[PDB]
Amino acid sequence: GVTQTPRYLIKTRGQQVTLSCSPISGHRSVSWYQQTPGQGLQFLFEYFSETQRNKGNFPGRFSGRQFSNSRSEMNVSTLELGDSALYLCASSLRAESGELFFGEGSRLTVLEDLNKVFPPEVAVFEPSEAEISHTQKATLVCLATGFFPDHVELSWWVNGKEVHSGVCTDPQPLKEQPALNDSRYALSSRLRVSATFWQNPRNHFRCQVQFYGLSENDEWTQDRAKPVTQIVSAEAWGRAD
């Protein structure tokens, strides 16, 4: 499979960034694409046998290279706030193929200042008795609020095992203050089980939000805790009687 590193990134304006992409075993062509919010895929360049093959319309500060093992790297020299995007690499067996296999992308957020970075606050809200009696079903809601940037992954865990059935997560985070360009985000998810399952006092429920934030190499001079990559959770137990 296609491997892309790093998966999430926070950079400040004027910095440089390097992304890496390892193609599928046997594949010798690697192409880079930029996915900016509300834009559509934009072609950067394709590489085959260590030489750039074709190039898009990006300025010179966007550069790339491919090594002898077919691995490829792309670099942006002096980052701007408008460079924040999902950067995708795709590989194929032969050059200039229309059949591409994409990696999962490097999510890059370019920031003014690391003081705007916040981890999410996570809370679980338990089902109302009205829903239980009216439908014989019980909906749990998990709210992750106040995080920036939107580098979060939410999952539900029942008795220590991840579940997907009966779960719906918002496709993308909401903006808490849509006016600001640096507004903190919120995200909601819901987990619905039968009333019988929820009324079992031995059933354990956990909402888990993985947050990708600052590294140890990121300088932090503030007073609040360093908003590092962390997991923030909230849980609930079955309600009897």
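Just count from 1 along the sequence shown to find any residue number.
When 153-161 is weighed against 88-96, 153-161 comes out higher, by mean CA B-factor as recorded in the entry. Averaged over their C-alpha atoms, the temperature factors of 102-110 and 115-123 are higher for 115-123.
Highest CA B-factor among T145, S72, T78, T169, as stated in the entry: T78. Residue-level inspection of the entry shows that, of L191, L174, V30, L44, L174 has the top Cα B-factor.
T51: CA B factor lies in the highest third for its chain, per the PDB record. Sort the modelled residues of the chain by CA B factor and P201 lands in the highest third.
Annotation for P59: C-alpha temperature factor in the middle third relative to the rest of the modelled chain, per the entry. When all modelled residues of the chain are sorted by CA temperature factor, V209 is found within the lowest third.
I24: CA B factor in the lowest third of modelled residues in this chain (values from the PDB entry).
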